[PDB]
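Let's start with one chain on its own, the form deposited in one PDB entry, as structure tokens.
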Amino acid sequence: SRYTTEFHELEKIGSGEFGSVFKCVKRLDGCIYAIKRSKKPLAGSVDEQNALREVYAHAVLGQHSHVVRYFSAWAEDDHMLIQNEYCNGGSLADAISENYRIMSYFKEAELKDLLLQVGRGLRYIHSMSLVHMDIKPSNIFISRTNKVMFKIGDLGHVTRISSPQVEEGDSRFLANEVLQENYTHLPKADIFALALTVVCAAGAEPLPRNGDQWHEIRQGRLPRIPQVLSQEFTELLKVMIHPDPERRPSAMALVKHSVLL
């Protein structure tokens, strides 16, 4: 076993259909890695194409500060293994639960910090004629030291701008024009998803998957936030979920905004 040899398990940090993720040490280099172990997906299944899209996206992108780093993947005995950088602060989805439990939330400064950082990530990815297509707290990762680095993960849904093979992301974060199968402005669907991601961080109530409250949002109505936020900022989130995707800012656009530091 390459796994049982090259690495040593310190902590289970994920459990589910996919399988299990583990905090591990590379025996060779003594650095910490997140390694995921999955059953070989069914041929012709979305699990497999996800797997397939991630391989390609890893091959193209190489390395970026705001993208969780790919190191390696391989097989043993009808199981996939993927070795990625380990982010010690967990997923934003976790951090938000933590923020429920201590009756805290992300103060506007941190929301702005969050938005811009995941912004630089999308800029790089879009710049490389790719789109992520499943942006959500669950798939944003946090590396702490003080400083905080936000890193985009899970590229199972990454496809080309040119010839888009669209696996529908989480419905809670999905822009209307993607449900309609309009794939002409997918860069602006990542943008849509990032706004709602940020809204979750503000302590918004769990987002609808469907029903009245869902179409309300896609009509450009920002979901209610407990805490109070600046006019400048509130309007930027609002435009990021504009019904017309052309009217949403690009990644490039987003990371050149005074309201952000």
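Rigid core (definition): largest C-alpha set, two forms, superposition within 1.5 Å. Position 1 is the first residue in the sequence shown; the rest follow in order.
Although not depicted, the form deposited in another entry is the subject of the following passage.
Visitor: With the two forms aligned on their rigid core, point out which item of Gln165, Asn88, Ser171, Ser127 shifts its C-alpha by 2 Å or more between this form and the one not shown.
Guide: Among the listed residues, the outlier is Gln165.
Visitor: Would you tell me if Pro208 moves between this form and the one not shown by 2 Å or more at its C-alpha, with the rigid core held superposed?
Guide: No, the C-alpha moves less than 2 Å.
Visitor: With the core lined up, does the C-alpha of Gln219 move 2 Å or more between this form and the one not shown?
Guide: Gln219 C-alpha, core-superposed: shift of less than 2 Å.
Visitor: Taking the rigid core as reference, does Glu54 move its C-alpha 2 Å or further between this form and the one not shown?
Guide: No, the C-alpha position differs by under 2 Å between this form and the one not shown.
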